[PDB]
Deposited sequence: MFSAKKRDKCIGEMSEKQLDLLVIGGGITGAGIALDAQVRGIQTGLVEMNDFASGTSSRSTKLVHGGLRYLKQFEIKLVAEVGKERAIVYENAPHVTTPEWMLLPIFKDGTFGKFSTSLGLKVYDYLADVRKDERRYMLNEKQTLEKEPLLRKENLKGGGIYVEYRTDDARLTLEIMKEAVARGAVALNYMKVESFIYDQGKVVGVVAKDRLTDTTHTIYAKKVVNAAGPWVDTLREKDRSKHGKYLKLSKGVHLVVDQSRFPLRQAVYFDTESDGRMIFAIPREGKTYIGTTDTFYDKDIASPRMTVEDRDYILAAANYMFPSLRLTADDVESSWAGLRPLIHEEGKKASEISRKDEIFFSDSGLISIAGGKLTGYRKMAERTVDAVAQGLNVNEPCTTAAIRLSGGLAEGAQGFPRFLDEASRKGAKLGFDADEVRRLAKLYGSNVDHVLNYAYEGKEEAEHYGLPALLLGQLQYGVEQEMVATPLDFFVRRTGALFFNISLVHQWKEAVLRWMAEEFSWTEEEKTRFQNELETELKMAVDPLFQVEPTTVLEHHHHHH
């Protein structure tokens, strides 16, 4: 089905049945359109150049901003992806807090001039898993999707776009896909597809880079997330606690290089650590405290719109995380308009992949339950609990593979529970790369980079076997992962 071992059966599956809609982009937006369109009867296909969420949808600060109602919808439909937590906004010269109280919330805050603060609740999500769960739900309802399929050229007929040309980045082959409507939800790449349609006119895009560093909690012991100012600068910064770590706020610099390879520079790092130390003088945050980091590209219109060409291509310059749903409904409104569909948007009711029927409230009982069910399979109750939180109701699936592969796992010298996450990833999360698993299905590259160092050998060895990789594939797929691991910590690591 949605496995990375059936790609050929999935390529010739959408290049056979004529598609009503084909969307370019596996971002939160592409997945968003894919799901909505699919749940209205518009048979949709989706093509993602690299990995689902591999673009900017995996490089945000991961905050679902509150819009208030929309933030709920998201939470209730997938409580394991988003979780509300407290945010602490210090004050210098909802709950209104004075100085002593503020210091009591975060006893690490700068004392000098602290007048107080306000603490409120904010929903923290998993941009990559969110993107994915929308994808999995879309596919589950009839949508066909493929990562590592790159649209390199458009197909026209009587002046109109009727299909794309996609190159399978994993096998290097090319294919043709036809669709009644073609949406371009390519994020910061939108204009490239607009050039391949020769319609990049008027309002074009200008890119802006932002970076996040990640230090270990022991070295930045935040009680709850804090939203603070900067010394000189003029901007604000987000220090967020997660999985025993604290990833610190964002930078803002112009960007016009390669849209697929932005990363942390020495300026970026020295800028985040600087401010962080300004706000928390107790810490002596140096370049050796950062154990990981990431860069992302944010597009801005020059001279949340939607573009229409003379060929009929629909581009989504918007690209919203917090507002992805209405954004999708709006986009599908246009598609449905064109293909003429008398079907209402009811996506705010659709639970996402792994979402509980009971919605948020029902999740505690859910973990207590899944924790006990996993234990009866001879697994650590706390371990499965954490996996339940990760995978949502889909834990059963990972608990099945994990169960079934106790022998395989031993032979491959890796914990059964980890082997379960892999088979699920390959067979039901369309994982075809080690990078897919370590950075997007688990987020380990960012939040537990030592874990990927520990298991990169054993994992590559297994995948090599699971996919019948050649020497070139095994070696390449190993350099790809090794490369990112290097860029994650070292800003001087030179490529090529």
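Novice: Write out the missing regions of the deposited sequence in sequence order, one range per stretch.
Specialist: 67-81, 109-135, 346-356, 550-561 are the stretches of the deposited chain that have no C-alpha coordinates in the structure.
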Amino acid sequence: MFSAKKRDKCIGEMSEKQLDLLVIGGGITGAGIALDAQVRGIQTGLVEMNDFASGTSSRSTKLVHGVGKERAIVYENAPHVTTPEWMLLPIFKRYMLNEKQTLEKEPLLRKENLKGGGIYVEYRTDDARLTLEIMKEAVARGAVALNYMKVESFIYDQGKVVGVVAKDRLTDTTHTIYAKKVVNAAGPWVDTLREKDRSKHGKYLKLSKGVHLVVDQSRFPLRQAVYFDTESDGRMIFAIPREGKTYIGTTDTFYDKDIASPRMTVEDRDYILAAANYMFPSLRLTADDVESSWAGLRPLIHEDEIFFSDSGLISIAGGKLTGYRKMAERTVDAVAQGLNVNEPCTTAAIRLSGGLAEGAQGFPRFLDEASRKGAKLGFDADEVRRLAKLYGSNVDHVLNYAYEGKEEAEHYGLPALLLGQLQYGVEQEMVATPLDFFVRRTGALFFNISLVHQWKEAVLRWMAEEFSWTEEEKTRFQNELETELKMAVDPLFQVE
From here on, numbers count along this sequence of modelled residues.
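Novice: Should the higher mean CA B-factor in the entry be assigned to 442-450 or to 35-43?
Specialist: The stretch with the larger average C-alpha B-factor is 35-43.
Novice: Averaged over C-alpha atoms, is the B-factor higher for 321-329 or for 382-390 in this PDB entry?
Specialist: That would be 321-329.
Novice: Per the coordinate record, which of the options 127, 310, 268, 243 holds the highest CA temperature factor?
Specialist: If I rank 127, 310, 268, 243 by C-alpha B-factor, first place goes to 310.
Novice: Select one of 275, 335, 225, 399: the residue whose C-alpha shows the highest B-factor in the crystal structure entry.
Specialist: By C-alpha B-factor in the record, 335 ranks first.
Novice: Residue 204: which third of its chain by C-alpha temperature factor?
Specialist: Answer is highest: the recorded C-alpha B-factor places it there.
Novice: For the chain shown, is the CA B-factor of residue 195 in the lowest, middle or highest third of its modelled residues?
Specialist: Middle third, going by the recorded CA B-factors of the chain.
Novice: Among all modelled residues of this chain, ranked by Cα B factor, put residue 408 in the bottom, middle or top third, i.e. lowest, middle or highest.
Specialist: According to the entry, residue 408 has a C-alpha B-factor in the chain's highest third.
Novice: In terms of the chain's CA B-factor thirds, is residue 10 lowest, middle or highest?
Specialist: Top third by C-alpha B-factor.
Novice: By the record's CA B-factor, is residue 215 among the lowest, middle or highest third of residues in the chain?
Specialist: Answer is lowest: the recorded C-alpha B-factor places it there.
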